[PDB]
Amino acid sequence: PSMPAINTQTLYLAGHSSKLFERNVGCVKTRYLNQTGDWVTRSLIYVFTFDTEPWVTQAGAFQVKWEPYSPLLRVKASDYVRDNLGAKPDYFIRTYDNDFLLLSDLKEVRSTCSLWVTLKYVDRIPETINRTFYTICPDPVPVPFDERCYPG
C-alpha cells in the first residue's frame, strides 16, 4: 500500500525532538528520485543557513525499503548523509497518512522523533497530527515557517 516514504510526493521536516537539532541546517526536505526493486531512492535536500554569507543548497541521496504494514523503515544512507546528518539504518514508523509521516529512533530508549509533511501542511499542521506529535515525542520542537524555504 501507499505510505509517504515510498510515495512520489516531496516531504518537508515539520518537527523534531530537540536533541536532534543541527545548527544552520534548514529547509529540510526529501524528494522522490526513483525505484529499483523494493528500494526507493530519495534525495535529502537542505540549506546551509548562514547569516551571512549567502545560503548554500545541498543535496545527498539515500534509499528506503518498506515491507508492507511493517513497523520499520529501512534506510540505506550515503556516507555524507550518515556522518553529517546522523541518518540511522532503521526508523520506527509511529503513524502516517498520505500527507504526513511520524518516525522515531528505534534503538534509543528516550526515542527521538522527526515529523514530515507534504507541501499543503508547512504553514500549519492539522490538530490531530500536532496532538500525536506533542503526546508521544520527547522535547517536541516544531520547525518554524520560513518563506525563504519554499517561495510560494
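Numbers follow the displayed sequence, beginning with 1.
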On average, are the C-alpha B-factors higher in 103 to 111 or in 25 to 33? 103 to 111
Which wins on mean Cα temperature factor, 51 to 59 or 79 to 87? 51 to 59
For the listed residues 94, 65, 124, 42, which one has the largest C-alpha B-factor as given in the deposited model? 124
Should residue 136 be placed in the lowest, middle or highest third of its chain by the C-alpha B factor in the entry? middle
Temperature factor at the Cα of residue 149, chain-ranked in thirds, falls in the highest
In terms of its chain's C-alpha B-factors, the third that includes residue 143 is the middle
Third of chain Cα B-factors occupied by residue 10: lowest
